[PDB]
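For the sequence shown, position 22 matches number 29 in the authors' numbering, and the numbering has no gaps at all.
Using N, Cα and C, we set each Cβ at its ideal position, and we do this for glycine too.
Just below is one structure, and these are the notes that go with it.
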Amino acid sequence: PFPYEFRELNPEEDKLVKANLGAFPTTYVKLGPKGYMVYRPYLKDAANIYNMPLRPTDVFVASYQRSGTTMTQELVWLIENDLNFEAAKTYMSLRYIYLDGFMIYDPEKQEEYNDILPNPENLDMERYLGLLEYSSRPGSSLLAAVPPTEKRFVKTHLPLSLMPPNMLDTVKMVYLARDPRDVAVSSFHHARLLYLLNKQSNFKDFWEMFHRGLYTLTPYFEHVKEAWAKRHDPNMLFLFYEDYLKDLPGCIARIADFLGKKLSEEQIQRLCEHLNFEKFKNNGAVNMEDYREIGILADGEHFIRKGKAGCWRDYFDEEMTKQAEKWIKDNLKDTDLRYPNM
Ligand SMILES: Nc1ncnc2c1ncn2[C@@H]1O[C@H](COP(=O)(O)O)[C@@H](OP(=O)(O)O)[C@H]1O
Ligand SMILES: CC1=C(/C=C/C(C)=C/C=C/C(C)=C/CO)C(C)(C)CCC1
Ligand SMILES: [Ca+2]
Ligand SMILES: [Hg+2]
Ligand SMILES: [Hg+2]
Ligand SMILES: [Hg+2]
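Have a look at this one:
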């Protein structure tokens with residue numbers, strides 16, 4: 008029984024959002040006592056996702072967006088599949104079901120989406136429309152459709168409270184967290200990539216929205232805390248994006264043990280080299296560049312962008328920096344949550 012009610016954004020909230028994301032067709036609504044920002048179309052499948060039947064062989068990769076999900080998905084898939092790199096050449100989007108991907112699309116507004124493009128005429132309509140149709144399918148139906156004899160790999164940015172309670176009694180999950188400031192910068196660019204932001208909007212406007220819990224799937228800390236509280240569970244592996252950059256081999260090992268898979272030092276070094284930023288970046292199976300031919304990606308933006316930690320310093324001025332510290336200190340008060348890089 009779905010125990011959550013949703014509410015429209017009040018004038019003040021709606022004002023800050025409609026000033027940065029207004030041009031984009033899909034709208035938001037606050038969900039649950041924590042007021043998680045979810046695209047309106049989410050509500051048609053929220054209860055189903057809360058009650059989604061789960062299987063013991065299911066493996067989830069969850070995170071607040073732009074925290075290292077893609078890397079993790081690749082590592083997790085190769086490790087669960089005997090490091091069959093050849094097979095890993097298929098599109099990541101075909102190897103994983105994006106549970107909450109559908110929500111960004113509202114069929115009722117199909118005509119309004121191509122208008123966010125500089126040249127709506129240069130679209131590969133056949134693929135564009137095929138994209139809209141798949142996205143019209145609730146996430147739960149996608150999972151349910153996968154045959155039992157096929158291991159299900161699920162990607163999601165949904166906080167644990169919107170998914171089946173005790174889901175961890177059945178499935179394994181790897182949750183990624185990353186310094187909120189770099190997440191904001193990466194989320195800013197990602198919004199630019201898909202034409203989600205008003206062109207006349209800048210990063211500071213994006214930051215105001217993001218740290219105030221007015222961007223997609225925030226409040227950021229409530230999302231992280233829910234997973235952090237469950238890190239003790241044997242079926243949960245909480246990792247930090249920063250650690251991937253400090254010692255990927257060590258991280259690869261942690262993920263292998265968690266998945267009950269043993270790897271030789273050679274196998275690990277091979278996985279590490281496979282995730283080298285430049286190689287990974289030009290890896291068409293994961294860089295989503297297959298969508299550029301369609302016309303829905305903005306020039307000068309990429310799914311796999313920089314790959315560094317600490318670049319937020321190039322985007323936050325003195326004030327923003329101070330504002331961010333207060334926000335982080337307040338949310339880390341009375342909790343053992345700590346970020347490796349901070
Ligand atoms: N092999 C890799 N090594 C390091 N960072 C990587 C990577 N592949 C992707 N990333 C980074 O991970 C972030 C994407 O997160 P997610 O997959 O959850 O959406 C991006 O951050 P940046 O925008 O800072 O570059 C992206 O460039
Ligand atoms: C279907 C569709 C769109 C494309 C969405 C895409 C390509 C989403 C993939 C997102 C990822 C991979 C990031 C989260 O992890 C856009 C927004 C153009 C507008 C309308 C309908
Ligand atoms: Ca139109
Ligand atoms: Hg590590
Ligand atoms: Hg390496
Ligand atoms: Hg930098």
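Any non-hydrogen atom of ligand 2 within 7 Å of residue i CB
{"i": "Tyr298", "result": "yes"}
{"i": "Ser142", "result": "yes"}
{"i": "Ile335", "result": "no"}
{"i": "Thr223", "result": "no"}
Contact test: residue i Cβ vs ligand 3 heavy atom, cutoff 7 Å
{"i": "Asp122", "result": "yes"}
{"i": "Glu229", "result": "no"}
Residue i and residue j closer than 8 Å at C-beta
{"i": "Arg312", "j": "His196", "result": "yes"}
{"i": "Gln80", "j": "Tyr105", "result": "no"}
{"i": "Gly302", "j": "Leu130", "result": "yes"}
{"i": "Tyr11", "j": "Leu38", "result": "yes"}
{"i": "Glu249", "j": "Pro166", "result": "no"}
{"i": "residue 350", "j": "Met180", "result": "Any property of residue 350 remains undetermined from this structure, which presents the chain solely from 8 to 349."}
{"i": "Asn348", "j": "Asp186", "result": "yes"}
Heavy atom of ligand 4 within 7 Å of residue i beta-carbon
{"i": "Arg312", "result": "no"}
{"i": "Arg261", "result": "yes"}
{"i": "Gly146", "result": "no"}
{"i": "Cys258", "result": "yes"}
Which residues DSSP lists as bridging residue i, in chain order
{"i": "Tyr35", "result": "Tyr46"}
{"i": "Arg14", "result": "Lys37"}
{"i": "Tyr105", "result": "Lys162"}
Residue i Cβ short of 7 Å to ligand 5 heavy atom set
{"i": "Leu255", "result": "yes"}
{"i": "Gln276", "result": "yes"}
Does the structure place the region 27 to 34 close enough to the region 112 to 122 that three or more beta carbon pairs sit under 8 Å? yes
Closer than 8 Å is the cut-off here; do at least three beta carbon pairs connect the region 134 to 145 with the region 105 to 115? yes
Report the start-end ranges of each alpha helix (DSSP H) in the region 128 to 213 that is 4 residues or longer and not cut off at the edges. 132 to 142, 146 to 152, 187 to 200
Sufficient close CB pairs (3 or more, under 8 Å) joining the region 85 to 101 to the region 209 to 229: no
For the structure I just gave you, are there three or more beta carbon pairs, one from the region 70 to 87 and one from the region 179 to 190, closer than 8 Å? yes
Which runs of the alpha helix (DSSP H) fall wholly inside the region 278 to 316 and span at least 4 residues, in chain order? 284 to 288
Fully enclosed by the region 57 to 96, which beta strand (DSSP E) runs are 3 residues long or longer? 66 to 70
Ignoring anything shorter than 4 residues, give me the alpha helix (DSSP H) runs that lie fully in the region 220 to 285, in order along the chain. 227 to 235, 248 to 253, 255 to 265, 272 to 281
Please confirm if the region 54 to 68 is in contact with the region 250 to 261, defined as three or more CB-CB distances below 8 Å between the two stretches. no
Is there contact between the region 281 to 290 and the region 147 to 159, where contact requires at least three CB pairs shorter than 8 Å? no
Kindly provide the ranges of any alpha helix (DSSP H) runs that are 4 or more residues long and lie completely inside the region 319 to 345, ordered along the chain. 325 to 338
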